[PDB]
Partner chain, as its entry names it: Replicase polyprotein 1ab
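So this first bit is one chain, no partners, the form solved without the partner chain, shown in C-alpha coordinates.
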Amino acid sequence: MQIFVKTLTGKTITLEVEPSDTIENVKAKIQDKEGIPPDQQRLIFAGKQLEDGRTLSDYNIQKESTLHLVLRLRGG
(Lines give C-alpha, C1' and ligand atoms only; values in the text may rest on other atoms or scores of the structure.)
Protein backbone atom coordinates (compact mmCIF):
# COMPACT_ATOMS: atom_id res chain seq x y z
CA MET A 1 0.00 0.00 0.00
CA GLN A 2 0.88 3.72 -0.23
CA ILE A 3 1.38 6.13 2.70
CA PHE A 4 2.51 9.77 2.68
CA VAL A 5 5.19 11.47 4.76
CA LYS A 6 5.57 15.24 5.20
CA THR A 7 9.33 15.79 5.33
CA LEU A 8 11.60 18.53 6.60
CA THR A 9 11.19 20.62 3.45
CA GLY A 10 7.41 20.47 3.77
CA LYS A 11 7.18 18.15 0.77
CA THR A 12 4.89 15.16 1.01
CA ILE A 13 6.66 12.05 -0.28
CA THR A 14 5.00 8.71 -1.02
CA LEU A 15 6.21 5.39 0.36
CA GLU A 16 5.34 1.83 -0.65
CA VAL A 17 4.79 -0.13 2.58
CA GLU A 18 2.94 -3.06 4.16
CA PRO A 19 1.19 -3.17 7.58
CA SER A 20 3.83 -5.53 9.06
CA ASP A 21 6.66 -3.10 8.16
CA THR A 22 8.53 -1.86 11.30
CA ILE A 23 8.96 1.84 11.94
CA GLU A 24 12.71 1.28 11.49
CA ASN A 25 12.02 -0.03 8.00
CA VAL A 26 9.83 3.02 7.22
CA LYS A 27 12.76 5.19 8.34
CA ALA A 28 15.07 3.22 6.04
CA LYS A 29 12.73 3.93 3.08
CA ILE A 30 12.76 7.62 4.01
CA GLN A 31 16.57 7.53 4.00
CA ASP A 32 16.47 5.84 0.56
CA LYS A 33 14.55 8.81 -0.86
CA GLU A 34 15.66 11.80 1.20
CA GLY A 35 19.09 10.92 2.65
CA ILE A 36 18.16 11.50 6.29
CA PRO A 37 19.76 8.83 8.52
CA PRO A 38 17.19 6.89 10.52
CA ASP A 39 18.72 7.66 13.91
CA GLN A 40 17.90 11.35 13.27
CA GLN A 41 14.28 10.66 12.31
CA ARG A 42 11.19 10.89 14.52
CA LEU A 43 7.89 9.97 12.89
CA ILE A 44 4.59 11.29 14.24
CA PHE A 45 1.08 10.00 13.48
CA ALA A 46 -2.13 11.09 15.14
CA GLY A 47 -0.24 12.81 17.92
CA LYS A 48 2.02 9.81 18.80
CA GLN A 49 5.71 9.26 18.17
CA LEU A 50 6.09 5.96 16.35
CA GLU A 51 8.33 3.63 18.30
CA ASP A 52 11.06 1.62 16.68
CA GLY A 53 10.30 -1.99 17.03
CA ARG A 54 6.59 -1.50 16.39
CA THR A 55 4.79 -1.81 13.05
CA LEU A 56 2.51 0.36 10.97
CA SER A 57 -0.35 -1.94 11.92
CA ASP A 58 0.39 -1.38 15.62
CA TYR A 59 -0.59 2.28 15.11
CA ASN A 60 -3.50 1.45 12.73
CA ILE A 61 -1.71 3.27 9.91
CA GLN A 62 -3.81 2.32 6.92
CA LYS A 63 -3.45 3.03 3.21
CA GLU A 64 -3.18 6.75 2.28
CA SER A 65 -2.39 7.80 5.88
CA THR A 66 -0.06 10.79 6.31
CA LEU A 67 2.88 10.68 8.78
CA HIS A 68 4.98 13.73 9.82
CA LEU A 69 8.78 13.58 9.94
CA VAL A 70 10.62 15.77 12.48
CA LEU A 71 14.27 15.83 13.52
CA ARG A 72 14.94 13.78 16.62
CA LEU A 73 17.99 15.69 17.75
CA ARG A 74 17.85 18.37 20.43
CA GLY A 75 19.23 21.15 18.20
CA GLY A 76 17.31 22.33 15.12
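In this text, rigid core is short for the largest set of C-alphas that superpose within 1.5 Å between two forms. Only residues modelled in both forms are compared. Numbering follows the first chain given and starts at 1.
One more form of this protein should be noted, the form deposited with the partner chain bound, which is absent from this view; the next part is about it.
Exercise. Rigid core as reference, CA moved 2 Å or more between the shown form and the other one - which of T66, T14, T9, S57?
Worked result: Residue with a C-alpha shift of 2 Å or more: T9.
For this session: Based on a C-alpha change of 3 angstroms or more, tell me if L8 and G47 lie closer or farther in the entry with it bound than in the shown form.
Result: It is closer: the C-alpha separation of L8 and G47 falls by at least 3 Å in the entry with it bound.
Exercise. Segments of at least 3 residues with every CA displaced 2 Å or more between the shown form and the other one, core-aligned, in sequence order?
Worked result: Runs 7 to 10, 72 to 75 stand out as displaced between the shown form and the other one - each at least 3 residues long.
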